[PDB]
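Asker: Got a sequence here, can you build the structure:
(chains A and B)
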Amino acid sequence: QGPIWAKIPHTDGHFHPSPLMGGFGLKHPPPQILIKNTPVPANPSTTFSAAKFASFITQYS
Amino acid sequence: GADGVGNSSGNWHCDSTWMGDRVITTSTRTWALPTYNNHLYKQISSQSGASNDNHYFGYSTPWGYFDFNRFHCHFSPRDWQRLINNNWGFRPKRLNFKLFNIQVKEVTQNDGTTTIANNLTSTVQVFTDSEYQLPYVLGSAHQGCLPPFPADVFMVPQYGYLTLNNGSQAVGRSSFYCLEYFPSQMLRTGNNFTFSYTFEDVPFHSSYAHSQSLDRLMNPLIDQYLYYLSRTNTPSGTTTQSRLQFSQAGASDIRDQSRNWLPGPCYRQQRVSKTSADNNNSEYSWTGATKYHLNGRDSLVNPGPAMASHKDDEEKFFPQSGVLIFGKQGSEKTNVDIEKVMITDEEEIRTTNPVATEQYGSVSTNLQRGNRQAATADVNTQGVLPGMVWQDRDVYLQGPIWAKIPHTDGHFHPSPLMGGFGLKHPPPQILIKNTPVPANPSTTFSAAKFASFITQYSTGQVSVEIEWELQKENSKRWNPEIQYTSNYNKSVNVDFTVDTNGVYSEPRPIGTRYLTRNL
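Answerer: Residues are numbered from 1 along each chain as shown, chains lettered A, B, ... in the order given. I have put the structure below:
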């Protein structure tokens, strides 16, 4: 149940990269995957505003 | 899968055809699949207090499965009569299976009345193991078959399994299987599923009955040339003296004749009668049972080895566990009366197998001498001796088609006891599940496991097709055969049809052996 890998910091020198918790030090580890719910506005006013929207449809995926 | 949401994923073939050699069968039903356990596995064990032989240990999965093990799924009562009356044997060559027209509903319990609406994006996931890596539940004759009558709708049963136990506690060798760890196919509304299967070679089932008993193999007209010892002592005077005489056995004896063969083996049963006044008053049900003892616990032998049942000119008697018993329409689970059950009758094996309630024979106990008289004892049990013959049990109609031979270093004569076809690689289990849908997670991260899910169920249609091979009869018998016939007299209700309330029922068990062969 411990960690598989870690990323070596980008530095002028490092001695023996293997990380301390355990596993495999990598200079270019598996990249991070990032995910988001696209915002949906809710029922704008009839007259133009120019203020930023404070109201959104509540949803999840 | 294919295009969907407004295009059907399959039609209804569902027909029976007869090519003169092989039979092809198809049937289609409509099913409904609930979510079981609330999307989670659970271990299950017997109760704290219990008999030593009632303990068990196992697991219960969210998954559920399709099973057609029974003939009435694949045969109407009429199609069952080309087979029986017209054929000596049949075997299951090949089968085909598919699911189509999947649709998933979600239900809302708001207020005091539920509403049900489509969820078009929800999925259902299905797989077949086919490598025989799971515990194999089929062949244990559970409920949940496809209905015999094509217009009924059925509910898909839940899947579970048992492993080694000690008391109610597990042992170290017991195994735990997670069905989520197999590859499966996730089916959305427009998607469909198929696979096909091929049976291994298996001997035909025998739908003939013998026209000769193993007693009488010979013509009475001619005497044998062999001798037997007819008479032990002779009346030399008012007192007899010992003199050995020998004789040749003709038609006037026939019990003394020499033979090349013996009846099949037996493991004996208790006898009971259908007339209530005849039987004894006590509980012998468990104490008088025939049992086998495995690992310190006793288990009833329900079917037992195949044996003739009621002997001759006694219909009234049947072996205690020795026969299969079917319930009529709408019978309760427990302590039901005699007229509610349908008790099968096997008299056709008299000619070979011994009666279930009587001994195999007698055997000599001691060595005679001048002053010590001979003695003998009845043998209640026989293994297999070289040169014996026997028959197997009828498959009937609503009984099971096949079973799986256990994987073991040895087995003698695989054919299973309930009936049908033993297979080393039987049709694989098909397992189906509703994919879980989370409901409204909290705004801040948690890391606890989800306890809340959308309540939903799915439904659709299922189709099965099997190819059967037939063995025709060629016989020179002059006089006509016994056939299966429906009574021509008038009645309130026709047999094997719906009643006035729309309830389909099966009046009686129907066995497969009518046509006659000579032994």
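Asker: Can you tell me the closest non-neighbouring residue to residue A:2?
Answerer: In space, and not counting its chain neighbours, residue A:2 is closest to residue A:22: 5.3 Å by CB to CB, 6 or more residues apart in numbering or on different chains. The C-beta positions use only the backbone N, C-alpha and C, and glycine is treated the same way.
Asker: Please tell me I have it right and the one you found contacts residue A:3.
Answerer: Yes: here residue A:22 lies in contact with residue A:3, judged by CB atoms under 8 Å, at a distance of 6.3 Å.
Asker: Phi first, then psi, for the residue nearest the centre of chain A.
Answerer: Nearest to the mean C-alpha position of chain A, counting by CA atoms, centre = their mean, stands residue A:34 at 4.8 Å. Residue A:34 adopts backbone torsions of phi -120, psi 140, taken as degrees, to the nearest 10.
Asker: just the strands in chain A please.
Answerer: For chain A, the strands defined by DSSP state E cover A:5-7, A:24-26.
Asker: Near residue A:23, how many other residues are there?
Answerer: 13 (other CB atoms under 10 Å in any protein chain shown).
Asker: so it touches residue A:7, yeah?
Answerer: No: using CB under 8 Å, residue A:23 makes no contact with residue A:7, being 11.1 Å away.
Asker: Now do the shared contacts for these two.
Answerer: Shared contacts of residue A:23 and residue A:7 (CB atoms under 8 Å, 6 or more residues apart in numbering or on different chains): none.
Asker: roughly how far apart are residue A:33 and residue A:26?
Answerer: Shown here: residue A:33 relative to residue A:26, a distance of 16 Å by CB to CB, to the nearest Å.
Asker: next one: residue A:43
Answerer: Residue A:43 sits 48 Å away from residue A:26, taking CB to CB as the criterion.
Asker: Counting neighbours, go ahead and name the busier of these two.
Answerer: Using other CB under 10 Å, the more surrounded residue of residue A:43 and residue A:26 is residue A:26, with 14 against 6.
Asker: and that one, bridged to which residues?
Answerer: Using DSSP bridges, the bridge partners assigned to residue A:26 are residue A:7.
Asker: can you give me how far stretch A:20-27 is from the chain middle?
Answerer: Centre-to-centre, stretch A:20-27 and its host chain are 21 Å apart (CA atoms, centre = their mean, to the nearest Å).
Asker: What lies in contact with that stretch?
Answerer: Under the contact criterion CB under 8 Å, 6+ apart, stretch A:20-27 has outside partners A:2-8, A:17-19.
Asker: Pull out the buried members of these.
Answerer: residue A:6 (16 or more other CB atoms under 10 Å in any protein chain shown).
Asker: Just the closest of the contacts of stretch A:20-27 to residue A:58, please.
Answerer: When those are ranked by distance to residue A:58 (CB to CB), residue A:3 comes first, at 35.1 Å.
Asker: ok, now how distant is the closest one from residue A:9?
Answerer: 16 Å.
Asker: swap in residue A:59?
Answerer: As judged by CB to CB, residue A:59 and residue A:9 stand 39 Å apart.
Asker: cool, and residue A:17?
Answerer: Residue A:17 sits 10 Å away from residue A:9, going by CB to CB.
Asker: can you check residue A:25 too?
Answerer: Separation of residue A:25 from residue A:9 (CB to CB) stands at 10 Å.
Asker: more neighbours, those two?
Answerer: Higher neighbour count among residue A:25 and residue A:9: residue A:25, with 16 against 9, using other CB under 10 Å.
Asker: In space, what's closest to that one - neighbours in sequence excluded?
Answerer: That would be residue A:17: by CB to CB, 6+ apart, it lies 3.9 Å from residue A:25.
Asker: My guess is the one you found contacts residue A:10. True?
Answerer: No: with contacts counted by CB under 8 Å, residue A:17 stays clear of residue A:10, the gap being 11.9 Å.
Asker: Restrict stretch A:21-41 to CA atoms and write it as PDB.
Answerer: This file holds the C-alpha atoms of stretch A:21-41, laid out as PDB (Å, rounded to 0.1, in the frame of the first residue of the first chain):
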ATOM      1  CA  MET A  21       9.700   6.700   1.200                       C
ATOM      2  CA  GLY A  22      10.300   4.000  -1.300                       C
ATOM      3  CA  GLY A  23      10.000   3.100  -5.000                       C
ATOM      4  CA  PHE A  24      11.300   4.500  -8.200                       C
ATOM      5  CA  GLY A  25      12.700   8.000  -8.600                       C
ATOM      6  CA  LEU A  26      11.900   9.400 -12.100                       C
ATOM      7  CA  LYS A  27      13.000  12.500 -13.800                       C
ATOM      8  CA  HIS A  28       9.900  12.500 -16.000                       C
ATOM      9  CA  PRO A  29       7.300  10.600 -14.000                       C
ATOM     10  CA  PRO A  30       3.800   9.800 -15.200                       C
ATOM     11  CA  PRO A  31       2.100  13.100 -15.900                       C
ATOM     12  CA  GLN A  32      -0.700  14.500 -13.800                       C
ATOM     13  CA  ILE A  33      -4.300  14.100 -15.200                       C
ATOM     14  CA  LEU A  34      -6.600  16.900 -14.300                       C
ATOM     15  CA  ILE A  35     -10.400  17.000 -14.700                       C
ATOM     16  CA  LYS A  36     -13.100  19.600 -14.200                       C
ATOM     17  CA  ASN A  37     -16.900  20.200 -14.600                       C
ATOM     18  CA  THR A  38     -17.500  22.900 -17.200                       C
ATOM     19  CA  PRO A  39     -19.600  25.700 -15.600                       C
ATOM     20  CA  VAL A  40     -23.200  26.300 -16.700                       C
ATOM     21  CA  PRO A  41     -24.600  29.800 -16.200                       C
END
